[PDB]
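Architecture at a glance
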Amino acid sequence: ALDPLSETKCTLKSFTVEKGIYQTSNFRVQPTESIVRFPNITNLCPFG
Amino acid sequence: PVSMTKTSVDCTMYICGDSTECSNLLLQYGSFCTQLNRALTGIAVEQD
Ligand SMILES: *[C@@H]1O[C@H](CO[C@@H]2O[C@@H](C)[C@@H](O)[C@@H](O)[C@@H]2O)[C@@H](O[C@@H]2O[C@H](CO)[C@@H](O[C@@H]3O[C@H](CO)[C@@H](O)[C@H](O)[C@@H]3O)[C@H](O)[C@H]2NC(C)=O)[C@H](O)[C@H]1NC(C)=O
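1. Overview of the overall build of chain B
- Counting its secondary structure elements, chain B contains 3 helices and 0 strands.
- Listing the helices and strands of chain B from first to last along the sequence gives α-α-α.
- Its C-alpha atoms give chain B principal-axis dimensions of roughly 45 × 20 × 10 Å.
- Looking at chain B residue by residue over its 48 residues, the buried ones come to 12%.
- When the accessible area of chain B is evaluated, it comes to approximately 4,100 Å², of which 61% is carbon and sulfur surface.

2. Some words on unusual backbone geometry
- Here A:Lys13, not a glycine, exhibits a phi torsion of approximately 55°, which is positive.
- By relative accessible area, which is 74% here, A:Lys13 ends up exposed.

3. Considering the state of the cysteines
- As enumerated under the stated definition, the model contains 2 disulfides over all chains in all.
- Across a sulfur-sulfur distance of 2.0 Å, B:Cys16 and B:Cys22 are joined as a disulfide pair. Judged by the sign of its S-S torsion, about -65°, the cystine formed by B:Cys16 and B:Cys22 is left-handed.
- The partly exposed category is assigned to B:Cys22, whose relative accessible area is 24%.
- Look at chain B and number its bonded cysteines as they come in the sequence; the links are 1-4, 2-3.
- Free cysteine A:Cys10: the closest other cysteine sulfur is in B:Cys33, separated by 18 Å.
- For A:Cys10, a relative accessible area of 56% puts it in the exposed group.

4. Considerations on the UniProt feature "disulfide bond" in chain B
All names here are of chain B.
- With an S-S distance of 2.0 Å, the disulfide that UniProt assigns to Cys 11 and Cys 33 is formed in this structure. Of this pair, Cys 11 sits in helix α1 (residues 11-15) while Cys 33 sits in helix α3 (residues 32-47), placing them 22 residues apart in sequence.
- The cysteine pair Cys 16 and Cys 22, annotated by UniProt as disulfide-bonded, shows a sulfur separation of 2.0 Å, below the 2.5 Å cut-off, so the bond is present here.
- Taking the relative accessible area as the measure of exposure, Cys 16 reaches 8% and is therefore buried.

Basis of the calculations
Residues numbered from 1 in each chain as written, not as in the entry; some residues may be left out. Chains lettered and ligands numbered in written order. Part of a larger assembly, values for the part shown. Heavy atoms only, no water. Helix = DSSP H or I, 4+ residues; strand = E, 2+ residues; numbered from the N terminus. Buried < 20%, exposed > 50% of the residue type's maximum accessible area, 1.4 Å probe, protein only. Areas by Shrake-Rupley, 256 points an atom, 1.4 Å probe, with all protein chains shown as cover. Disulfide = S-S within 2.5 Å. UniProt positions renumbered as here; feature names shortened; annotations may be inferred.

Okay, structure coming up:
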């Protein structure tokens, strides 16, 4: 996880990397906030 | 016909989405879809 060169070294399971382009991992945007949207009702259920 | 569309399908995003527990369970199956990703990438290169 140091840098892309080390990541592609780990992906190839070798310390020397030949010339070329290698697929290593996937980029994904992590979420920032949590959103909850429930109906505005507040009457307690007749469970009791 | 000469070539077909180059499609790359990812394991962890398809089988498990963005679920860490599902990925941890998927690790038990070994390297099945390291093989799958490799095969799809090889087809992609063969098209060019
Ligand atoms: C079963 O019933 C009990 C008792 O309730 C009372 O007696 C019954 C015979 C009926 O006449 C009821 O209408 C009557 O209220 C329930 O206990 C009560 O539950 C309510 C709801 O949570 C409690 O209210 C809260 O209590 C405290 C202050 O005391 C604060 O959190 C709130 O301001 C709110 O008032 C009430 O205190 C409580 N009463 C007693 C005697 O403990 C019980 O919940 C119910 N069973 C089930 C499954 O709901």
